[PDB]
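Next up is one chain by itself, shown in structure tokens, the form deposited in one PDB entry.
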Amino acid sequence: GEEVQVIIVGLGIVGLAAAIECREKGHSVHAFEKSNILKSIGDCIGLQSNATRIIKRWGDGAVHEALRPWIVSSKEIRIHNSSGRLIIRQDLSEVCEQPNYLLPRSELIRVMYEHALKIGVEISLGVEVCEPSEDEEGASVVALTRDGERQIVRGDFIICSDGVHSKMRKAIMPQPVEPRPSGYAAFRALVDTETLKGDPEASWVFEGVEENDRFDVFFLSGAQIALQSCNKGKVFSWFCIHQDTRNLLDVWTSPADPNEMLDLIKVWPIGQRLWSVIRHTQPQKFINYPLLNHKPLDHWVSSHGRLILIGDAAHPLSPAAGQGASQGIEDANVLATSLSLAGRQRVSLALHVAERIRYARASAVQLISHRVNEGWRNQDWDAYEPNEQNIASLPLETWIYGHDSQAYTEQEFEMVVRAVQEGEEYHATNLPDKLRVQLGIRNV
């Protein structure tokens, strides 16, 4: 008569999604997080329809109602050259037939955090989780507080949602593999809306944004730039993918030099117009984030089946991919659904089933994303004009964004159980079959 006791390590987007999914499906959750996750840091996150389909179920629609102001209203991507001439309008009608969100990461965290608290997730901030262990009966972690005190916490299993720099990862893969730099990085930030509104030279950027979010892309030699708005022009954000061979750390806090962006764009005709908006970025908010290529891990689940890596701890993707957060939300949904179908007496089975459902699909998205990091889509802009050939297509793939991970898990659960228990390979159909072999994905 006792609920499953889930421990969650890390309350980024994925840990919060896992906490909500598990709690809404009738499991007890104690989540731990080392930092004040409500602090304003980073820029905007996109959530595609594969993630919003999951979010819509939470609280009988309550979270979707809270996120309604952030539904993407762009009907097209406007693709421009280095003169700012519009070359192509790329239709988003299919991509946006179901909701997508774009919003500051800090606002998404706030909404999810408040819902988690409302539904009875137990949350402990200021806790660095250390030293996971497990056996056939249970798992435990050490909760280290800032006073140096150590508290043992026991549960049925541990969700390791501790991000790209996961220290839990070594409990599954003890040998760490460094990612390869792509040679590219992304300048990116939110624009200060207040100083933006006060600048007559930037007023053009507000045109139409109350009815359709801005989604402008500009291709210049050495730059892929996007300007976006969300929530009827309350928020503007931008990024610029550019060549960079410096030894940049993949964190969201390091100082970056705005004049590097100005130098890159000012030499092209459209540069001054782009800078009229971009210059309103606050100086300590200018981030230059390296686009690193991480290889799929061999597997995500520990030897006794009571620890699982999800989110960026398992499959980090660069922010240029568009599917990073959404794939992590799929992890949370598949894991919670698998746990609910397996039950408390079959925890290792639940985690291994979730891994077999998720691994190939997540790895395909990860491996494809290495292409946008390496600039495969760029051409010589002295000769070519940009068009749909140059837009990375992960956000446009129906096999990704149209997928219902919960329905797939319910329909396939017993077949995956059979594969796990008979020691056979499970061939998931939640990615195109030609993609496995083409990308070299090896099933777990």
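Only residues modelled in both forms are compared. The term rigid core refers to the maximal set of C-alpha atoms that superpose within 1.5 Å between the two forms. Numbering starts at 1 and runs along the sequence shown.
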State which stretch shows the higher mean Cα B factor in the entry: 193-201 or 164-172.
193-201
Looking at the deposited entry, does 330-338 or 177-185 carry the larger mean Cα B-factor?
177-185
Which has the highest CA B-factor per the PDB entry: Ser93, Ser140, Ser124, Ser302?
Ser93
Based on what the PDB entry reports, which of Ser237, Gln282, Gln366, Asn100 has the top C-alpha B-factor?
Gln282
CA B-factor ranking of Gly402, expressed as a third of its chain:
middle
Where does the C-alpha B-factor of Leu309 rank in its chain, lowest, middle or highest third?
lowest
Which third, lowest, middle or highest, does the CA B-factor of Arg85 fall in along this chain?
middle
Report the third (lowest, middle or highest) to which the CA temperature factor of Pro104 belongs, ranking only the modelled residues of the same chain.
lowest
Ranked against its chain, the third holding the CA B-factor of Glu24:
middle
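Form deposited in another entry: not shown, discussed below.
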To test your reading of the superposition: with the rigid core aligned, which of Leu47, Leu394, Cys44, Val63 moves its Cα by 2 angstroms or more between the shown form and the other one?
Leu394
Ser35: CA shift of at least 2 Å between the shown form and the other one after core fit?
no
Quick check on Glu374: with the core superposed, does its CA move 2 angstroms or more between the shown form and the other one?
yes
Yes/no, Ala321 Cα shift of 2 Å or more between the shown form and the other one with rigid core fixed
yes
Residue pair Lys75, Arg377 - Cα distance in the other form, closer or farther (3 Å or more)
farther
So the CA-CA distance for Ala392 and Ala185 moves by at least 3 angstroms in the other form. Closer or farther than here?
closer
Runs in sequence order between the shown form and the other one, three or more residues long, with CA shifts of 2 Å or more on the rigid core:
320-322, 371-384, 387-395
